Amino acid sequence: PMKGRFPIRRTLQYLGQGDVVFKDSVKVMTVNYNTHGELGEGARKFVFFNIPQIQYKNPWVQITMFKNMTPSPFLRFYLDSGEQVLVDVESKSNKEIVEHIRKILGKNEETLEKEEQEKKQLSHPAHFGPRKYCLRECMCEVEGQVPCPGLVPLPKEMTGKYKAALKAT
Amino acid sequence: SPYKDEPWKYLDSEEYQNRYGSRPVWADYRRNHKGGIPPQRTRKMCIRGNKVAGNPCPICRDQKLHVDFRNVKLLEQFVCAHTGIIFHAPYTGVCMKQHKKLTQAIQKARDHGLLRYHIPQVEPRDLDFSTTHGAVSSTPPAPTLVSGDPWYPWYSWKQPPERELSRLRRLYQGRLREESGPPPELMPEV
Amino acid sequence: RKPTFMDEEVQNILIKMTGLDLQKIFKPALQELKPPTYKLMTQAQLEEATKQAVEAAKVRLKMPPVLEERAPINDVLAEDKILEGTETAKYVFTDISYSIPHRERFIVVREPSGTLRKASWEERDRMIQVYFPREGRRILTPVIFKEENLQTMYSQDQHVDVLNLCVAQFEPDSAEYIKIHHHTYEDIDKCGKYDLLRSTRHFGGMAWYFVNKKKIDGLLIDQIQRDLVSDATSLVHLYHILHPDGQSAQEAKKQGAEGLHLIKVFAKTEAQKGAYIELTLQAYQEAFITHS
Amino acid sequence: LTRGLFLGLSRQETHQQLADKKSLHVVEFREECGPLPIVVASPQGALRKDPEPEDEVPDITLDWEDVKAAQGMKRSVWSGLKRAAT
Amino acid sequence: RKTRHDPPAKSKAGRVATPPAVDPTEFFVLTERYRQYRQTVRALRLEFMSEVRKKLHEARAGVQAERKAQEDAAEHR
Amino acid sequence: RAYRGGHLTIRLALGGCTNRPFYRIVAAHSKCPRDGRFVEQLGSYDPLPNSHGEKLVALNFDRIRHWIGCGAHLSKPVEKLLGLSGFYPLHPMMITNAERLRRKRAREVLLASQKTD
Amino acid sequence: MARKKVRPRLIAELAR
RNA sequence: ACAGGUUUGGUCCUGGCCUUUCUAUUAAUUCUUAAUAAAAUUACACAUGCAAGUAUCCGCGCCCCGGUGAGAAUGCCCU
RNA sequence: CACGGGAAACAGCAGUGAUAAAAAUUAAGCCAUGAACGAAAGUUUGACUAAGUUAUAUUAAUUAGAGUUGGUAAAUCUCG
Ligand SMILES: [K+]
Ligand SMILES: [K+]
Ligand SMILES: [Mg+2]
Ligand SMILES: [Mg+2]
Ligand SMILES: [Mg+2]
Ligand SMILES: [Mg+2]
Ligand SMILES: [Mg+2]
Ligand SMILES: [Mg+2]
Ligand SMILES: [Mg+2]
Ligand SMILES: [Mg+2]
Ligand SMILES: [Mg+2]
Ligand SMILES: [Mg+2]
Ligand SMILES: [Mg+2]
Ligand SMILES: [Mg+2]
Ligand SMILES: [Mg+2]
Ligand SMILES: [Mg+2]
Ligand SMILES: [Mg+2]
Ligand SMILES: [Mg+2]
Ligand SMILES: [Mg+2]
Ligand SMILES: [Mg+2]
Ligand SMILES: [Mg+2]
Ligand SMILES: [Mg+2]
Ligand SMILES: [Mg+2]
Ligand SMILES: [Mg+2]
Ligand SMILES: [Mg+2]
Ligand SMILES: [Zn+2]
């Protein structure tokens with residue numbers, strides 16, 4: 001990327017390196033911030049940097065911006081059970097908010113690592129099929145077993161053409 | 001050629017040093033093709049029968065070179081020193097028949113330890129080494145196993161009562177087949 | 001309470017016995033090379049980077065477990081004489097499930113005689129590899145582990161690689177693993193190539209094998225010639241722990257010395273050839289006094 | 001092309017010159033050598049004790065061709081062709 | 001394979017079936033084996049059925065489930 | 001595909017090239033094709049002996065009893081295959097075929113010897 | 001599933 | 001893309017066309033054998049044979065398998 | 001769409017006419033597997049299995065012809 005102020009924030013690595021995963025009960029995040037004043041530096045930098053990372057990890061969570069409606073920047077979270085979480089940011093920096101958000105509503109490290117651990121067992125190594133879903137495609141790709149007749153031609157005694165010839169004779 | 005006894009003798013010979021020198025065999029060979037991009041596949045073979053087909057490949061132009069697993073100096077020239085991967089056919093220019101020979105010879109040589117290749121450090125297969133579990137330790141014999149009796153009563157052959165045989169004969173009369181007795185216990189060999 | 005390889009006492013002795021050479025433990029391997037990454041660091045940050053490598057080196061130096069020979073499996077679950085000649089080949093059934101550890105899986109073979117018996121260790125490990133493949137393990141026994149091929153690798157001082165192939169291919173408690181490791185340890189002893197496995201993670205295995213075979217004469221001579229004495233006496237200290245009821249360990253309680261005198265105790269008590277040991281220790285002493 | 005290549009290569013900055021103008025160590029992290037911090041050049045003279053200011057998001061100019069290739073989107077039929085020796 | 005609405009063939013329009021012969025002794029023994037075999041498999045099928053009920057019940061309202069539910073609720077407050 | 005009815009069944013699905021059969025133990029709706037879509041693949045069954053003279057069979061035991069528990073039908077060969085492993089009692093047709101082999105072999109032995117004398 | 005161009009077929013119900 | 005040919009008396013710049021790489025069908029010329037994979041003009045009209053039976057009568061099954069890409073921006077993912 | 005009407009159905013395997021630059025056998029068996037039915041021995045199955053045919057592709061070998069030779073782009077002389 002050439003255009004833009006910070007082209008690095010528009011690459012797949014930057015979108016994927018942000019680790020903030022909301023719980024299944026989080027649906028709506030509303031961010032209000034001001035375009036003037038030194039107090040809103042943390043809020044504006046949070047919108048300019050971290051929000052793309054947050055949305056990429058939570059595709060199903062609505063994120064809506066509102067500019068210059070409240071003198072004090074804040075973040076509002078709407079849960080599934082109607083619960084409202086209000087986060088107040090007036091001097092916290094860009095980094096602080098992400099750490100604060102990750103603790104009130106983010107998922108725990110043990111929960112994330114066990115979630116993908118249970119995902120691994122779906123692609124069981126012992127199965128056969130297409131390359132996109134299974135490792136091997138046939139039993140001939142295992143050393144020791146009878147190889148595919150395409151690569152190594154089979155002995156005549158095992159070919160069905162020879163088997164039928166002797167039965168009819 | 002009188003070099004089948006020791007193929008590596010030619011590599012240590014003075015003739016090889018005089019001609020090729022320090023550089024590999026395929027250094028002075030250039031492949032003539034149709035334009036800027038060479039075809040991704042070289043000649044299948046250039047030694048068809050007894051006729052040498054045009055400009056030969058580096059290995060098929062001097063017949064004294066033997067592609068075997070004993071000599072490592074020749075096979076080292078076709079393996080990257082740093083990356084440790086086998087050069088493809090377009091990189092050198094050898095014919096496809098000899099390229100297959102090189103890959104098999106290199107693979108055999110690495111299997112015999114004559115050539116060095118990377119060996120990653122591998123963790124042990126299991127986390128806990130316990131032989132206590134019953135999958136590997138011997139389980140107590142079944143009461144029907146020690147006695148020698150079959151595992152189920154109906155596995156063996158039992159003579160039906162004659163009343164039941166008469167009933168079946170009446171039901172399936174006309175289409176009846178010859179009955180048979182108990183099966184032999186052991187089958188002899190022809 | 002017999003000594004075991006996992007004890008904290010023996011592990012701490014062997015951890016400082018093998019040493020730590022960053023250059024040798026991190027050697028550029030023959031793989032797909034990628035361009036290096038450069039960054040600017042101060043003096044303080046350089047030590048932080050160095051100590052992280054030390055921690056990574058320690059994890060990379062986890063010695064493989066060493067066990068005794070496994071007992072063969074001879075168990076018959078059931079016998080069926082009705083299927084004596086129904087089939088010619090034998091069926092092998094393997095229970096596959098991602099949740100069951102490989103040590104608890106059921107591998108049961110139906111012999112053509114009709115006997116439902118568990119699979120032996122030789123075939124049990126083969127079946128697990130077939131249905132649960134992993135890097136470095138061949139289904140059939142590679143030709144590299146024949147006696148003829150090992151000598152070719154040994155003549156090319158490939159001892160570190162042979163051990164690394166053996167741990168990946170065979171099971172640590174298997175019979176083939178033991179005979180290959182013992183053969184490798186025997187050969188390096190004959191040629192005095194103990195320097196090859198200095199920073200190698202496999203150094204604990206050969207030291208433990210020597211302390212159980214009562215063959216420390218060769219190893220102690222090399223360490224003194226390498227001017228590594230502080231760890232040399234630790235090796236002698238290890239000997240007393242493993243073999244307490246002996247004349248050498250009795251002297252350590254009688255005389256109650258320290259330093260190089262601990263080697264002198266063994267050199268004159270249980271050492272099979274103490275003439276070289278005492279002379280080399282004498283050679284070290286005079287040289288060290290001159291150096292100091 | 002000839003003038004541009006020589007002008008660019010003559011403007012190349014070495015590790016030693018970079019270290020001297022920064023007065024900080026330059027550490028080379030080989031990928032095949034693991035996390036071992038190989039040192040290639042040392043700043044002769046005074047060594048600065050003040051660490052470089054760590055920016056969370058660097059401001060650098062990226063070329064779209066480099067990022068496209070890095071993400072695995074260049075699927076031409078001429079980029080990955082096998083060619084002859086150098 | 002044919003469909004519902006197509007007409008059948010002409011040559012094979014007279015025959016219906018020709019059951020094979022029945023060995024009296026062999027048929028009775030085979031019938032007896034099946035009666036016990038079906039009985040044994042049915043008990044295993046019901047035993048496996050009860051196992052599935054146990055597994056599903058524990059996943060829904062097991063003791064560990066209540067611990068998990070209370071833990072997240074306690075953390076949220 | 002939307003089918004009118006059908007029952008869940010554990011069966012063998014053919015595979016491999018000609019003269020080299022290879023069966024996959026799969027569990028799919030009875031009305032779907034033999035190589036068609038399936039619920040879960042359980043194991044494998046190699047019909048040809050290898051260099052060791054073994055016919056490899058793989059079974060997903062904890063999953064196999066799960067589908068049987070929920071009411072899945074079994075075909076003729078999988079019952080014979082499970083019976084050999086010992087998960088199920090020997091199929092009655094497996095024994096009768098064995099007995100027929102002995103009687104045919106016994107007739108073959110007598111017939112050869114009668115001609116000999 | 002549905003689309004914005006659904007045509008109200010009536011003969012199928014009439015035949016039923 | 002590692003690029004190459006071509007504007008002009010001639011140089012630089014801008015800008016098209018084409019070459020070099022791989023796959024499929026048909027055609028021309030040519031052709032010895034074996035094995036494996038695949039088999040494809042046409043939703044045009046069709047001779048003849050066959051493709052759904054089983055079963056102590058009831059019943060169950062009978063484009064399910066298979067075939068085709070005509071139709072519809074149809075749809076994919078998901079509740 | 002299919003009550004109805006036109007109208008009298010191979011877009012099941014093999015095969016035929018027409019048409020297109022497009023060219024597989026009017027063949028064998030239910031031995032395996034799959035599906036239907038029977039309590040069951042078992043029966044049916046052009047799905048399939050094993051074969052027939054074709055350089056359409058890949059491999060091995062037993063096999064030798066085609067194209068190009070001003071430049072991009074490997075390569076020639078003598079005549080008309
Ligand atoms: K151009
Ligand atoms: K059949
Ligand atoms: Mg096939
Ligand atoms: Mg112009
Ligand atoms: Mg001109
Ligand atoms: Mg043609
Ligand atoms: Mg053929
Ligand atoms: Mg009835
Ligand atoms: Mg279809
Ligand atoms: Mg079409
Ligand atoms: Mg259309
Ligand atoms: Mg339309
Ligand atoms: Mg029809
Ligand atoms: Mg047809
Ligand atoms: Mg039609
Ligand atoms: Mg025609
Ligand atoms: Mg065609
Ligand atoms: Mg024709
Ligand atoms: Mg004909
Ligand atoms: Mg037929
Ligand atoms: Mg028949
Ligand atoms: Mg049948
Ligand atoms: Mg039934
Ligand atoms: Mg065929
Ligand atoms: Mg010509
Ligand atoms: Zn050649």
# chains A, B, ... in the order shown; residues from 1 in each chain; ligands from 1
>>> residues_near_ligand(ligand="ligand 6", cutoff="12 Å", atoms="only C-alpha atoms (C1' of nucleotides) and all ligand atoms", output="list in words")
residues 25, 26, 27 and 28 of chain H; 21, 22, 23, 54, 55 and 56 of chain I
>>> write_last_selection(atoms="C-alpha atoms (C1' of nucleotides)", output="PDB file, in the first residue's frame")
ATOM      1  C1'   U H  25     -10.650 -30.094 -27.794  1.00  0.00           C
ATOM      2  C1'   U H  26     -10.633 -30.715 -33.234  1.00  0.00           C
ATOM      3  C1'   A H  27      -7.620 -31.163 -37.743  1.00  0.00           C
ATOM      4  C1'   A H  28      -3.053 -32.225 -40.671  1.00  0.00           C
TER       5        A H  28
ATOM      6  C1'   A I  21     -14.660 -29.323 -36.760  1.00  0.00           C
ATOM      7  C1'   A I  22     -16.266 -33.478 -32.371  1.00  0.00           C
ATOM      8  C1'   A I  23     -17.255 -40.957 -33.738  1.00  0.00           C
ATOM      9  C1'   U I  54      -9.441 -44.908 -28.961  1.00  0.00           C
ATOM     10  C1'   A I  55      -1.791 -41.849 -28.751  1.00  0.00           C
ATOM     11  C1'   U I  56      -6.880 -37.893 -25.278  1.00  0.00           C
TER      12        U I  56
END
>>> residues_around(residues="stretch 24-27 of chain F", least_positions_apart="4", cutoff="8 Å", atoms="only C-alpha atoms (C1' of nucleotides)", output="ChimeraX atom specification")
/A:128 /F:8-15,38-45,78
>>> write_last_selection(atoms="C-alpha atoms", output="PDB file, in the first residue's frame")
ATOM      1  CA  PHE A 128      -8.612 -40.708   4.079  1.00  0.00           C
TER       2      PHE A 128
ATOM      3  CA  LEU F   8     -28.560 -44.100   9.058  1.00  0.00           C
ATOM      4  CA  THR F   9     -26.211 -46.938   8.154  1.00  0.00           C
ATOM      5  CA  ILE F  10     -22.563 -47.851   8.714  1.00  0.00           C
ATOM      6  CA  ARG F  11     -21.191 -49.399   5.531  1.00  0.00           C
ATOM      7  CA  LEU F  12     -18.068 -49.837   3.415  1.00  0.00           C
ATOM      8  CA  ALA F  13     -17.301 -47.337   0.650  1.00  0.00           C
ATOM      9  CA  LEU F  14     -15.164 -48.575  -2.229  1.00  0.00           C
ATOM     10  CA  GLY F  15     -12.050 -46.736  -3.349  1.00  0.00           C
ATOM     11  CA  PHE F  38     -21.357 -38.995   4.639  1.00  0.00           C
ATOM     12  CA  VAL F  39     -21.740 -37.980   8.268  1.00  0.00           C
ATOM     13  CA  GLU F  40     -18.414 -39.168   9.709  1.00  0.00           C
ATOM     14  CA  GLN F  41     -15.660 -41.453   8.448  1.00  0.00           C
ATOM     15  CA  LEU F  42     -14.874 -44.094  11.064  1.00  0.00           C
ATOM     16  CA  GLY F  43     -11.997 -46.301   9.898  1.00  0.00           C
ATOM     17  CA  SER F  44     -10.474 -48.161   6.969  1.00  0.00           C
ATOM     18  CA  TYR F  45     -10.119 -51.719   5.684  1.00  0.00           C
ATOM     19  CA  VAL F  78     -19.200 -54.582   8.660  1.00  0.00           C
TER      20      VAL F  78
END
>>> residues_around(residues="stretch 56-62 of chain D", least_positions_apart="2", cutoff="12 Å", atoms="only C-alpha atoms (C1' of nucleotides)", output="ChimeraX atom specification")
/A:1-11,14,17,45,48-50,94-95 /D:53-54,64-68,70
>>> write_last_selection(atoms="N, CA, C and O atoms", output="short mmCIF file (atom, residue, chain, number, x, y, z; two decimals), in the first residue's frame")
data_model
loop_
_atom_site.label_atom_id
_atom_site.label_comp_id
_atom_site.auth_asym_id
_atom_site.auth_seq_id
_atom_site.Cartn_x
_atom_site.Cartn_y
_atom_site.Cartn_z
N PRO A 1 0.81 -1.22 0.00
CA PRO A 1 0.00 0.00 0.00
C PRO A 1 0.84 1.27 0.00
O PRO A 1 1.73 1.42 0.84
N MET A 2 0.57 2.17 -0.94
CA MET A 2 1.26 3.45 -1.01
C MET A 2 0.44 4.59 -0.43
O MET A 2 0.97 5.41 0.33
N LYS A 3 -0.84 4.66 -0.75
CA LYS A 3 -1.69 5.74 -0.29
C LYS A 3 -2.07 5.54 1.18
O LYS A 3 -2.03 4.42 1.71
N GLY A 4 -2.44 6.63 1.82
CA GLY A 4 -2.80 6.60 3.22
C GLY A 4 -1.67 7.09 4.11
O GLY A 4 -0.50 7.11 3.74
N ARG A 5 -2.05 7.51 5.33
CA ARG A 5 -1.06 8.03 6.26
C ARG A 5 -0.18 6.92 6.82
O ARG A 5 1.05 7.07 6.89
N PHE A 6 -0.78 5.80 7.23
CA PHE A 6 -0.06 4.67 7.79
C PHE A 6 -0.43 3.42 6.99
O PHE A 6 -1.34 2.68 7.36
N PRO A 7 0.26 3.18 5.87
CA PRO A 7 -0.08 2.01 5.04
C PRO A 7 0.11 0.68 5.74
O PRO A 7 -0.51 -0.31 5.31
N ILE A 8 0.95 0.60 6.77
CA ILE A 8 1.21 -0.68 7.42
C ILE A 8 -0.05 -1.22 8.09
O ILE A 8 -0.24 -2.44 8.18
N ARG A 9 -0.94 -0.34 8.54
CA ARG A 9 -2.15 -0.77 9.23
C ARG A 9 -3.20 -1.33 8.28
O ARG A 9 -4.28 -1.70 8.74
N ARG A 10 -2.91 -1.40 6.98
CA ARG A 10 -3.84 -1.94 6.00
C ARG A 10 -3.34 -3.23 5.38
O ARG A 10 -3.75 -3.58 4.26
N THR A 11 -2.47 -3.96 6.07
CA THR A 11 -1.98 -5.25 5.62
C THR A 11 -2.55 -6.36 6.49
O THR A 11 -3.01 -6.12 7.61
N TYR A 14 -1.12 -6.77 10.15
CA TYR A 14 -1.58 -5.83 11.16
C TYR A 14 -3.00 -6.14 11.61
O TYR A 14 -3.32 -6.03 12.80
N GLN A 17 -2.68 -9.32 13.98
CA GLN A 17 -1.87 -9.30 15.19
C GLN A 17 -2.59 -8.69 16.39
O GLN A 17 -2.06 -8.76 17.50
N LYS A 45 -6.66 7.98 18.73
CA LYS A 45 -5.68 6.99 18.32
C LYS A 45 -6.24 5.57 18.42
O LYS A 45 -5.87 4.71 17.62
N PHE A 48 -8.23 5.16 15.28
CA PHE A 48 -7.39 5.14 14.08
C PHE A 48 -6.54 3.89 13.97
O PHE A 48 -6.17 3.51 12.85
N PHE A 49 -6.22 3.23 15.08
CA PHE A 49 -5.30 2.10 15.08
C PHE A 49 -5.96 0.78 15.45
O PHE A 49 -5.88 -0.18 14.68
N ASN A 50 -6.62 0.71 16.60
CA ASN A 50 -7.03 -0.58 17.16
C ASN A 50 -8.37 -1.08 16.63
O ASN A 50 -8.58 -2.29 16.58
N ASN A 94 -3.75 5.05 23.97
CA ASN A 94 -4.18 4.01 23.04
C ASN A 94 -3.99 2.62 23.63
O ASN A 94 -4.89 1.78 23.56
N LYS A 95 -2.82 2.36 24.21
CA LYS A 95 -2.53 1.04 24.75
C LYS A 95 -3.42 0.71 25.94
O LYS A 95 -3.85 -0.44 26.11
N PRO D 53 13.79 4.89 20.73
CA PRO D 53 12.36 5.03 21.06
C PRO D 53 11.52 4.04 20.27
O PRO D 53 11.53 4.03 19.04
N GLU D 54 10.80 3.19 21.00
CA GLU D 54 10.00 2.13 20.38
C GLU D 54 8.65 2.69 19.96
O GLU D 54 7.84 3.07 20.80
N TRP D 64 3.32 -1.69 -2.95
CA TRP D 64 2.19 -2.61 -3.07
C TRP D 64 2.62 -3.96 -3.61
O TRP D 64 2.02 -4.99 -3.28
N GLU D 65 3.66 -3.99 -4.46
CA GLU D 65 4.13 -5.27 -4.98
C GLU D 65 4.70 -6.15 -3.87
O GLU D 65 4.47 -7.36 -3.86
N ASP D 66 5.44 -5.55 -2.93
CA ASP D 66 6.02 -6.34 -1.85
C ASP D 66 4.95 -6.94 -0.95
O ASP D 66 5.04 -8.11 -0.57
N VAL D 67 3.93 -6.15 -0.61
CA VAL D 67 2.88 -6.65 0.28
C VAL D 67 2.02 -7.68 -0.43
O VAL D 67 1.61 -8.69 0.17
N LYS D 68 1.73 -7.47 -1.72
CA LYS D 68 0.94 -8.44 -2.47
C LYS D 68 1.63 -9.79 -2.53
O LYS D 68 0.99 -10.83 -2.35
N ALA D 70 3.88 -10.86 -0.37
CA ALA D 70 3.98 -11.39 0.99
C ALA D 70 2.69 -12.08 1.41
O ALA D 70 2.73 -13.13 2.06
#
>>> residues_near_ligand(ligand="ligand 24", cutoff="9 Å", atoms="only C-alpha atoms (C1' of nucleotides) and all ligand atoms", output="JSON, numbers by chain")
{"F": [18], "I": [50, 51, 52]}
>>> write_last_selection(atoms="C-alpha atoms (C1' of nucleotides)", output="PDB file, in the first residue's frame")
ATOM      1  CA  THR F  18      -8.795 -51.201 -10.604  1.00  0.00           C
TER       2      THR F  18
ATOM      3  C1'   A I  50     -13.552 -57.551 -14.001  1.00  0.00           C
ATOM      4  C1'   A I  51     -13.054 -56.930 -19.435  1.00  0.00           C
ATOM      5  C1'   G I  52     -13.709 -54.803 -25.125  1.00  0.00           C
TER       6        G I  52
END
>>> closest_residue(among="H:2, H:50, H:43, H:66", to="ligand 15", atoms="only C-alpha atoms (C1' of nucleotides) and all ligand atoms")
H:43
>>> residues_around(residues="residue C:11", least_positions_apart="5", cutoff="12 Å", atoms="only C-alpha atoms (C1' of nucleotides)", output="list in words")
residues 3, 4, 5, 6, 16, 17, 18, 61, 62, 63, 64, 65, 203, 204, 205, 207, 208, 234, 235 and 238 of chain C
>>> write_last_selection(atoms="N, CA, C and O atoms", output="PDB file, in the first residue's frame")
ATOM      1  N   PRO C   3      18.875 -44.882  42.749  1.00  0.00           N
ATOM      2  CA  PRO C   3      18.920 -43.655  41.944  1.00  0.00           C
ATOM      3  C   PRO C   3      18.167 -43.824  40.634  1.00  0.00           C
ATOM      4  O   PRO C   3      18.146 -44.906  40.042  1.00  0.00           O
ATOM      5  N   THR C   4      17.545 -42.738  40.181  1.00  0.00           N
ATOM      6  CA  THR C   4      16.838 -42.718  38.912  1.00  0.00           C
ATOM      7  C   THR C   4      17.282 -41.506  38.106  1.00  0.00           C
ATOM      8  O   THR C   4      17.768 -40.514  38.654  1.00  0.00           O
ATOM      9  N   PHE C   5      17.104 -41.601  36.787  1.00  0.00           N
ATOM     10  CA  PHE C   5      17.593 -40.569  35.882  1.00  0.00           C
ATOM     11  C   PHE C   5      16.846 -39.249  36.033  1.00  0.00           C
ATOM     12  O   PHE C   5      17.377 -38.205  35.640  1.00  0.00           O
ATOM     13  N   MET C   6      15.639 -39.266  36.593  1.00  0.00           N
ATOM     14  CA  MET C   6      14.832 -38.061  36.729  1.00  0.00           C
ATOM     15  C   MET C   6      15.024 -37.355  38.065  1.00  0.00           C
ATOM     16  O   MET C   6      14.355 -36.346  38.315  1.00  0.00           O
ATOM     17  N   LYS C  16      25.196 -29.154  34.459  1.00  0.00           N
ATOM     18  CA  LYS C  16      26.475 -28.460  34.417  1.00  0.00           C
ATOM     19  C   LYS C  16      27.607 -29.345  33.916  1.00  0.00           C
ATOM     20  O   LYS C  16      28.699 -28.835  33.644  1.00  0.00           O
ATOM     21  N   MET C  17      27.375 -30.654  33.788  1.00  0.00           N
ATOM     22  CA  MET C  17      28.396 -31.536  33.236  1.00  0.00           C
ATOM     23  C   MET C  17      28.554 -31.323  31.736  1.00  0.00           C
ATOM     24  O   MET C  17      29.679 -31.269  31.224  1.00  0.00           O
ATOM     25  N   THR C  18      27.438 -31.190  31.014  1.00  0.00           N
ATOM     26  CA  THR C  18      27.500 -31.030  29.565  1.00  0.00           C
ATOM     27  C   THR C  18      27.950 -29.637  29.147  1.00  0.00           C
ATOM     28  O   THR C  18      28.439 -29.470  28.026  1.00  0.00           O
ATOM     29  N   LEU C  61      17.907 -28.484  25.304  1.00  0.00           N
ATOM     30  CA  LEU C  61      18.808 -29.477  25.871  1.00  0.00           C
ATOM     31  C   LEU C  61      18.096 -30.463  26.791  1.00  0.00           C
ATOM     32  O   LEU C  61      18.750 -31.117  27.609  1.00  0.00           O
ATOM     33  N   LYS C  62      16.773 -30.578  26.682  1.00  0.00           N
ATOM     34  CA  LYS C  62      16.040 -31.571  27.458  1.00  0.00           C
ATOM     35  C   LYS C  62      16.492 -32.972  27.067  1.00  0.00           C
ATOM     36  O   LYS C  62      16.230 -33.425  25.948  1.00  0.00           O
ATOM     37  N   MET C  63      17.172 -33.656  27.977  1.00  0.00           N
ATOM     38  CA  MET C  63      17.700 -34.976  27.671  1.00  0.00           C
ATOM     39  C   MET C  63      16.558 -35.964  27.457  1.00  0.00           C
ATOM     40  O   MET C  63      15.581 -35.958  28.213  1.00  0.00           O
ATOM     41  N   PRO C  64      16.644 -36.816  26.434  1.00  0.00           N
ATOM     42  CA  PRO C  64      15.589 -37.800  26.220  1.00  0.00           C
ATOM     43  C   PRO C  64      15.555 -38.804  27.356  1.00  0.00           C
ATOM     44  O   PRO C  64      16.604 -39.155  27.924  1.00  0.00           O
ATOM     45  N   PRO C  65      14.375 -39.288  27.730  1.00  0.00           N
ATOM     46  CA  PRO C  65      14.296 -40.277  28.809  1.00  0.00           C
ATOM     47  C   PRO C  65      14.975 -41.579  28.422  1.00  0.00           C
ATOM     48  O   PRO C  65      15.001 -41.976  27.255  1.00  0.00           O
ATOM     49  N   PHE C 203      24.259 -36.076  25.863  1.00  0.00           N
ATOM     50  CA  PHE C 203      25.417 -36.337  26.712  1.00  0.00           C
ATOM     51  C   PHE C 203      25.024 -37.018  28.014  1.00  0.00           C
ATOM     52  O   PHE C 203      25.824 -37.765  28.586  1.00  0.00           O
ATOM     53  N   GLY C 204      23.807 -36.771  28.502  1.00  0.00           N
ATOM     54  CA  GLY C 204      23.374 -37.416  29.730  1.00  0.00           C
ATOM     55  C   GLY C 204      23.260 -38.922  29.591  1.00  0.00           C
ATOM     56  O   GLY C 204      23.536 -39.665  30.534  1.00  0.00           O
ATOM     57  N   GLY C 205      22.844 -39.391  28.413  1.00  0.00           N
ATOM     58  CA  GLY C 205      22.694 -40.822  28.210  1.00  0.00           C
ATOM     59  C   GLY C 205      24.011 -41.572  28.276  1.00  0.00           C
ATOM     60  O   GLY C 205      24.100 -42.628  28.908  1.00  0.00           O
ATOM     61  N   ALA C 207      26.851 -40.554  29.713  1.00  0.00           N
ATOM     62  CA  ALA C 207      27.393 -40.476  31.064  1.00  0.00           C
ATOM     63  C   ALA C 207      26.703 -41.467  31.992  1.00  0.00           C
ATOM     64  O   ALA C 207      27.360 -42.122  32.809  1.00  0.00           O
ATOM     65  N   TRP C 208      25.380 -41.590  31.878  1.00  0.00           N
ATOM     66  CA  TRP C 208      24.649 -42.537  32.712  1.00  0.00           C
ATOM     67  C   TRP C 208      25.005 -43.976  32.358  1.00  0.00           C
ATOM     68  O   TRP C 208      25.073 -44.837  33.241  1.00  0.00           O
ATOM     69  N   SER C 234      32.592 -33.685  39.722  1.00  0.00           N
ATOM     70  CA  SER C 234      31.162 -33.954  39.816  1.00  0.00           C
ATOM     71  C   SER C 234      30.827 -35.324  39.241  1.00  0.00           C
ATOM     72  O   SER C 234      29.947 -36.024  39.755  1.00  0.00           O
ATOM     73  N   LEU C 235      31.514 -35.717  38.166  1.00  0.00           N
ATOM     74  CA  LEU C 235      31.329 -37.054  37.613  1.00  0.00           C
ATOM     75  C   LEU C 235      31.735 -38.123  38.619  1.00  0.00           C
ATOM     76  O   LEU C 235      31.060 -39.150  38.754  1.00  0.00           O
ATOM     77  N   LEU C 238      29.136 -38.275  41.165  1.00  0.00           N
ATOM     78  CA  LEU C 238      28.028 -39.072  40.646  1.00  0.00           C
ATOM     79  C   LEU C 238      28.283 -40.560  40.852  1.00  0.00           C
ATOM     80  O   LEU C 238      27.358 -41.322  41.154  1.00  0.00           O
TER      81      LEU C 238
END
>>> residues_near_ligand(ligand="ligand 26", cutoff="10 Å", atoms="only C-alpha atoms (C1' of nucleotides) and all ligand atoms", output="PyMOL selection string")
chain B and resi 42-48+52-53+55-63+93-99
>>> residues_near_ligand(ligand="ligand 23", cutoff="9 Å", atoms="only C-alpha atoms (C1' of nucleotides) and all ligand atoms", output="MDAnalysis selection string")
chainID I and resid 37:39
>>> closest_atom_pairs(of="chain A", to="chain F", cutoff="8 Å", atoms="only C-alpha atoms", output="CSV")
residue,atom,partner,partner_atom,distance
A:126,CA,F:43,CA,7.6
A:127,CA,F:41,CA,6.8
A:128,CA,F:24,CA,7.9
A:138,CA,F:16,CA,6.3
A:139,CA,F:22,CA,7.1
A:144,CA,F:50,CA,6.1
A:145,CA,F:50,CA,4.9
A:146,CA,F:50,CA,6.1
A:148,CA,F:17,CA,7.0
A:149,CA,F:17,CA,7.2
A:158,CA,F:19,CA,7.5
A:159,CA,F:19,CA,6.2
A:160,CA,F:19,CA,6.7
